[PDB]
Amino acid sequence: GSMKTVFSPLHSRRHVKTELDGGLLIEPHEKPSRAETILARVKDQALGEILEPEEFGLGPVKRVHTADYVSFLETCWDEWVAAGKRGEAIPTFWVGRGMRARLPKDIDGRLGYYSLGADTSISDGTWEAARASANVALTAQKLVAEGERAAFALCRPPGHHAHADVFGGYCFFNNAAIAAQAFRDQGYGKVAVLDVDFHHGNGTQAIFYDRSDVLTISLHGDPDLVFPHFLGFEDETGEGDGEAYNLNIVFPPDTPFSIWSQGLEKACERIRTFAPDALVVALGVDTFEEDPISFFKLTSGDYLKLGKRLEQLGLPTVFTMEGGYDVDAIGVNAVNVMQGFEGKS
């Protein structure tokens, strides 16, 4: 083994109490016990050294995200409370079809402008946890750049749904995209980001969509049926310089590893012909057969197989944690990917 994990205790600063779901406010799926359970499994399995993140500042964040958005995330909660709202910060209105993509002054307008959904409440400490999660990913990228074959960025909150200036799907900063852009800024000519979380990495796709230096691939449930609904379809192959440098691979309900791994192989062949200098894996274990909000049927053992197949790509590899919501198995599942990468069958 010996794969290092980066973990920040500041993730628990994000501990919201409400999530809009089926017309009700429920206890959030993206809860701090997710990160604590994975961390406990990392320790129990003696995967490798565990370290806290270094502070990289907002520079590397703003290589991917707009300055207006970064500013909004820092002040959103304070403005929400100042305006007198009594719940957590949830968007109520947005730029509907036929409306202008124009940034307004009021906090409700800004919330809607910068969001793609209302299940991602903001409260005190969300900014701090998001900042820490991006630094977790950047610390993992640094470890790999300086000689580690791979590293595990135990990110929370997750990142892959966040656009340059849009938050949602429990994500604020796109940790995987930030790590990929760090590779590029450090002179890695080509980077691939492979998204194995159950949901489409729409944020990552959007950020590099017109670019051929960063190849983006996502396997995910059919957006006709599940979040994010309005991106992730297989006809989205990129634009401009980036045409043919994005690949979406879609699956229907009940898809098992025997079928999902065929898409994995197609994604692997695409990476191989792209021949990147570094690989970022946006790893969600919500592909699990017990995941409460997803519809694939991977077993815990399949994650060993996934990790083994990823190692065979022979690339410097940064894993960023995304989704996965069966907390009983989340640690067994996530660490299985790392152990399969390191040689366990």
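We call the rigid core the largest set of C-alpha positions that still match within 1.5 Å between the two forms. The numbering used is simple: start at 1 and walk along the sequence shown.
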So which moves more in 7 other deposited structures of this protein by CA, 11 to 19 or 318 to 326, given a superposition on the core?
-> 11 to 19
Hey, which bit's got the bigger mean C-alpha B factor in the entry, 236 to 244 or 86 to 94?
-> 236 to 244
Out of 186 to 194 and 157 to 165, which one has CA B-factors that are higher on average in the deposited record?
-> 186 to 194
Whose CA atom has the top B-factor in the entry, of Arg131, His229, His199, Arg100?
-> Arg100
Candidate set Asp106, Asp119, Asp222, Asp213 [ranked by C-alpha B-factor, highest] | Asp213
Within this chain, which third does the Cα B-factor at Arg34 fall in: lowest, middle or highest?
-> middle
Going by the entry, which third of its chain does the Cα temperature factor of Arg13 land in?
-> middle
Of the three thirds of Cα B-factor ranks in this chain, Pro292 occupies the highest
Based on the entry's values, in what third of the chain does the Cα temperature factor of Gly22 lie: lowest, middle or highest?
-> middle
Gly284, C-alpha B-factor rank within chain (lowest, middle or highest third) | middle
